[PDB]
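These notes are about the structure you will find just below.
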Amino acid sequence: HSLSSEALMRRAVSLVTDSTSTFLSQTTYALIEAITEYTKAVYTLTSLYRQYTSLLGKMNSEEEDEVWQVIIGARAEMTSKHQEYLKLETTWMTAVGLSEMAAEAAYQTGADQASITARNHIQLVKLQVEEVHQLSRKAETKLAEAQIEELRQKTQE
Amino acid sequence: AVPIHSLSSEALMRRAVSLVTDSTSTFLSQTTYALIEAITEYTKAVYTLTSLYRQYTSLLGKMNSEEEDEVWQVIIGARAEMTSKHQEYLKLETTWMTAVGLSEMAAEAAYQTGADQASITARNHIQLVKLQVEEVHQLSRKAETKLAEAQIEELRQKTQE
Amino acid sequence: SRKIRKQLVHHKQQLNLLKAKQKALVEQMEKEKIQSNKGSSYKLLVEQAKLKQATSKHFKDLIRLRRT
Amino acid sequence: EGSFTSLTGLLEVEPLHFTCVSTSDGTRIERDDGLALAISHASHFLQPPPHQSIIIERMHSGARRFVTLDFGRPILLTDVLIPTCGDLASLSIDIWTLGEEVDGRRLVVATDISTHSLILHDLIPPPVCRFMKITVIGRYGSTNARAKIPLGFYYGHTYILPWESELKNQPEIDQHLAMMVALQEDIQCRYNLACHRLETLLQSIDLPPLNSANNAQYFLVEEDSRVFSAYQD
Amino acid sequence: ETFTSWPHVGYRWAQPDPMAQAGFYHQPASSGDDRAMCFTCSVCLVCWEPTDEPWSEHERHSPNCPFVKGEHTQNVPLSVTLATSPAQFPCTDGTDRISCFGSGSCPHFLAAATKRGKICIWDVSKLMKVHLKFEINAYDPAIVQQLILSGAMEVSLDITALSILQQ
Amino acid sequence: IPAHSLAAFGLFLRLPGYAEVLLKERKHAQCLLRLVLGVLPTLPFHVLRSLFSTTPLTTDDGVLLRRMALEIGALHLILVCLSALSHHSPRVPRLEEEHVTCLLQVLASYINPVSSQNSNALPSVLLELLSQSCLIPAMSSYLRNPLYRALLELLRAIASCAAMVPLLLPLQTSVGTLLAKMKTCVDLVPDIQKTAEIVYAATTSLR
Ligand SMILES: [Zn+2]
C-alpha cells in the first residue's frame, strides 16, 4: 500500500481542520464565558449605581464614602475584566484566522469536507461571539445610563 | 512529608493553544514529507529522462527510424510523467506555504496566550522544515538543470547529424 | 528506503506527541469534571473524540508505512 | 550603620575555612562571585574564604532544610554572624565534635532572620566542635523564587591551648610558635617590599601645579587600578 | 487504630502513636502508602520521613488548625475513655464468679480466673482489650503425672492465686 | 605548580655550573626565584636536562657533576618524584604526564648527554641504586599502553653506556620483543623503528 502524496495531504489537513476548530471552540467558549462574566459584573455595577442614586441624600458622609469605595473597587474589577477581555478577544481573532486559513488549506488539498466543516464552525463561532458582544454592549449602555442618572441626581441634590 | 476548581480562562488558553501549536507542527512536517516525496520521485523521473537523453544522444546516427521512434516515445512518456508530477509538486509546495503560515501564526497565538514554549518550539520547527524543504528544492533545481543540459546537447547533436 | 525511514521516524515522533496530548486531555477532563460548567464537557468530549480520530489515523499510517 | 558596632575585637580571632559535607533535598551550596611550603600553608589557613551562599530550588510556606558543615578539625568557635535573609522565617544552629547524638547540643533557635541579621559576639565559654548542624524553615506565604543565603564569616582559634582542651595529639606550643614567628618574619619582609613598591608607584606620579579640582576630576585610567591593587596588597 | 497498616513503624518520629496524637489518621490511596489526613483540618501529606515531628509538621503544614492552635476541638483523649471504661467481664457470658486475680513481675497484663477454670488475661497497660482467653484443662499429662507421683480418675482444679512472671 | 619541582630546584641550584645555564632565560629564572622566595614547573628539571646535555661524560665536568648528583641524592629525589607522579612503587629488595616526560628526559640526559672509556665513566653505584628504584615497573606498565620519543631517547641512552646495559634484562618477556610487537601494531615511524632495532641489538649483545 504505497500511498501517493495526495492522500497524505487529504488525510493530513484533517488534523489541523479539527485542531484549529478545537482552538476556535475553546477560544469561542472562553470568550463567551468572559463576556458573560463581564456582562454580569456590569449589570451588578449598574444595580449598585441605581441603588446609590436611590439612596442619595438619605445617608451620611461615612455611608457615601463606603458605597463610593465599593464602586471604586468594582471599577478596578472592570479594568481587570476588560484586560482579560481584550486578551481573550485577541486570541479568538487569532483562532478565527487560524481556522479560516486552515480550511483554505483543506480546500487546496481537495479535502473539501474538512474545509467546509471548519467553515461552518467559523460562521457558528462568529455569530455566537457577536451575539454575546451585543449582550455585553447592551449591559455597558445600561451602566452608562445608570451612571448618567447617578450624576444627574448627585448634581441635583 | 509534602502536600499531594473553577479554572481561569488563561489556563484554558494555554491548554487550547498547546493543542494546536503541536498539531499544526504535525501537519507541518507531514507537508514537509509529502512535498519531499514528490521532489524525490519527480527527481527520479527527471534523472531517468536525463539518462534517456544521454543514451539517445550518444547513440545518435547509429539507429534506424524505428529505433529512433521508440526511444523518442520513451522520452515523451518520461516528459509527461515529470511534467504531471511537477504539476502535483506545485500544489504540494502551495500547501506547504499555508502550513508554514499556519505554524507561524499559531506560534503568534501561543505567544499571545503566555505559552511561549509552544511558540518557540513551533517556530524552531518551522525553520527546520524550511531548511529541509529548501534543501530538497535545490536538489530538484539541480536535476532540472541537468535535464536542461541533456536536452540542449541532444538538440545540438541532432542538429549536427 | 531513506524516505520511508524518514516518515517512520516522523510518525514515531508524532504518536508520542499526541499521547502527551491524550495525557493533557485526560487532565482537562478531570479539571473541568469537578466544576459543573455543563457546556464545557460537551466540547471537551468533542475534543477527546477528534484527538482519538487523529490518534487512530496516525496508527493506521504507522502500520501502512511499515507495510511499504 | 550604627549597629555595625555589633562585632568588635575581630583581630584576636582568626578566620576559619569551610567544607560542605551534607546538604538537604532541593538545596545547594555555592561560592558567591620545605619551610616556605609550611609557611605558605599556615598563611593560607589564616585566610578569609570568599563569599558563599545557599541556593534553594523549591521554597514553600515552611520550607524545612538541613545542612552539615565541617572545618576538618575540632576548632574553637568564638564569634558568629549570619547576614540578613529577609525571605526566611527561622533557623536553628547546633554543633558537635564527634556525633550528632553523641555531643550535639542546641545553640540558637532564631526567628528574627527576616528583619535583622543574626549577631552573636564573643562566645563565652568558647565551645569546640568540628561538625555543624543547620535547620531552617521558610516563611509562610513564601514566593517560590530563587534567592541567596550567605553563610557569613566564622572566626575562632584553630590551635587549641591546654586549658581550652580540658573543657570538652596537640603539637607542642613552642614549635608552632616558632613557625608562626617565621611566618611573621616572612610577612614582614613581604609587607615591607610590597609597601615599598607602592611607595615607588606613588612616587612615579607626575605632579602638575596643585589644583585639587583636577585631582577630583581624575575620578570622572590604568594608574588608578594599579595603585588600587598595590594598596590592596 | 487507623495506623495498623503503617509501613514506617521502625521510623523514629513516624511512629503510629505520636502522629495519631497530632490528630491524624492513615487513609492511604494504596496499600503501603504513608498518606495521612487530619481529623480537624484534613490536610493531606505523603512521603513521610523518620525525622518528621508530629506537632511540628502539623503546625508547619497547618498553622490554622485549631488542634495546632490549642483551641477546643472535638478531640477525645484516650485518658477520658480509660477513666470511664465500663468494667470488662472475665468471661463472655458474664456469670462465673472470679476466684482470684493479681499480677507479678510483668503487671502489664491482668489475669482473672473463674471457678470453672476459665482464665482471661487483659492487656491493661494498653487499651482495654482481651489478650488471652482460655480454660485450664485438669487432664493435662504434666498435671496427671504430678498427681500420680503424689501417691477412672476424677480431678478438679481451683485457682486461688495469680501471678505473671517475666525476666 | 607542583611543590616538589620547586623544592628540588633549591637543591639543583647548588651544583656548580647550574646558574650558568639557568641565566640563559632571564625572565623565567627570575619568576622561578620569586616563587622560591615566596611552563614554570618544567624548568627546574629542564635546566638540569640542559646542564646534563651540555656536560658530556667525555670531560671531567660531566662525570664530576654526575657523581655529585649521586652524592647529594638528586637521583633519589627525581626517582621518588616519578614514583609519586606515576603511582608506581619501587622494586623493594595532564601536568603529571608532562612532568613524567621531563623527568624521563632528565634521566636520558644524565645517562647519555649526547642523546639530547664511557663504560666505567659511570660507577656501578648508580647501577645498584637504579636496580632498586621504580623505573623498571613504571616503564613496563607504560610499554603495555612527545612522551614516546622521550622514552625512546631514554632507551638509546640507557643502552649507550655499557655499565648500564644489564638493567635492560627483566627480573619473562624481553623489552626488545615487546617493543617490536607494539611497533608493528602502531604501524614518527622511522624513529620508532630505528630505536626498536637499536634496543633489540643491545639486548641481543647483552644476552
Ligand atoms: Zn489539622
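Bear in mind these aren't lab numbers, they're just calculated from the coordinates by the rules spelled out. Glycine also receives a Cβ, built like all others from the backbone with ideal geometry; neighbour counts cover every protein chain displayed.
Quick notes on this structure:
- Shape category assigned to chain D from the gyration tensor of Cα positions, a/c cut at 1.5: oblate
- Note on F:110, B:33: ascending count of other Cβ atoms within 10 Å places them as B:33, F:110, the fewest first.
- The mean count of C-beta atoms from other chains within 10 Å of the C-beta of residues in C:21-30, rounded to a whole number, is 2.
- For segment A:3-152, taking the reciprocal of the average inverse distance between every pair of different Cα atoms yields a Kirkwood hydrodynamic radius of 18.0 Å.
- Chain D - mean residue ellipticity at 222 nm from DSSP helices (-39,500 (n - 2.57) per run, n ≥ 4, rounded to 500): -8500 deg cm²/dmol
- Eligible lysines near residue E:118 by straight Cα distance, threshold 27 Å, same-chain separation 8 or greater: E:126, E:129, E:133
- Cα gyration tensor shape of chain E, rounded if a/c is under 1.5, else prolate or oblate by comparing a/b with b/c: prolate
- Average other protein chain Cβ within 10 Å of Cβ, residues C:61-67: 2
- Net charge dipole size for the protein assembly as shown [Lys, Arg +1 and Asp, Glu -1 on Cβ; Debye, nearest 20]: 3080 debye
- Per-pair calculated FRET efficiency, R0 = 35 Å: residue C:60 and residue B:57 via Cβ, rounded to 0.05: 0.15
- Alpha carbon centroid spacing (whole Å) that separates segment A:1-77 from segment B:32-53: 54 Å
- For the listed peptides A:142-152, E:90-100, a ranking on the average number of other beta carbons within 10 Å per residue, highest first, reads A:142-152, E:90-100.
- Residues D:55, F:158 arranged by fewest to most Cβ contacts within 10 Å: D:55, F:158
- Computed helical MRE - 222 nm, chain E, DSSP H runs ≥ 4 contributing -39500 (n - 2.57), nearest 500: -5000 deg cm²/dmol
- Whole-Å semi-axes of the protein assembly as shown's equivalent ellipsoid (Cα gyration tensor): 69, 64, 43
- Charge dipole (chain B, unit charges on Cβ, about Cα centre) - positive-most of B:63, B:159, B:11: B:11
- Selection from B:98, B:24, B:52 lying farthest towards where the dipole of segment B:7-156 points positive, charges on Cβ: B:24
- Residue D:45-residue E:27 pseudo-label distance in nm [points 7 Å out on the Cα-to-Cβ vector]: 6.1 nm
- Computed extension gain for residue E:5 through residue E:39, at 0.36 nm per residue and net of the alpha carbon distance, reaches 10.5 nm.
- Note on B:29, E:85, E:103: ascending count of other Cβ atoms within 10 Å places them as E:85, E:103, B:29, the fewest first.
- Only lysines eight or more places from residue D:148 in sequence, or on another chain, were considered; those with a Cα closer than 20 Å are D:133.
- Restricting segment B:46-80 to trypsin sites (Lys or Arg not before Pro) that sit in a DSSP loop and have at most 13 other Cβ atoms within 10 Å of their own Cβ leaves B:62.
- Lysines with Cα under 28 Å of residue F:181, excluding same-chain neighbours fewer than 8 positions away: F:194
- Estimated FRET transfer efficiency (residue E:72, residue C:34; beta-carbon r; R0 30 Å; 0.05): 0.35
- The charge dipole of segment B:7-156, taken about its Cα centre with unit charges on the Cβ atoms of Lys, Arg (+1), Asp and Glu (-1) only, comes to about 420 debye.
- Average beta carbon contacts from partner chains per residue of B:95-103, 10 Å cutoff: 5
- Among the listed pairs A:87/C:23; C:21/C:57; A:87/C:33, those whose Cα-Cα separation exceeds 19 Å are A:87/C:23; A:87/C:33.
- Cβ-Cβ FRET estimate between residue E:82 and residue E:13, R0 fixed at 25 Å, reported to 0.05: 0.50
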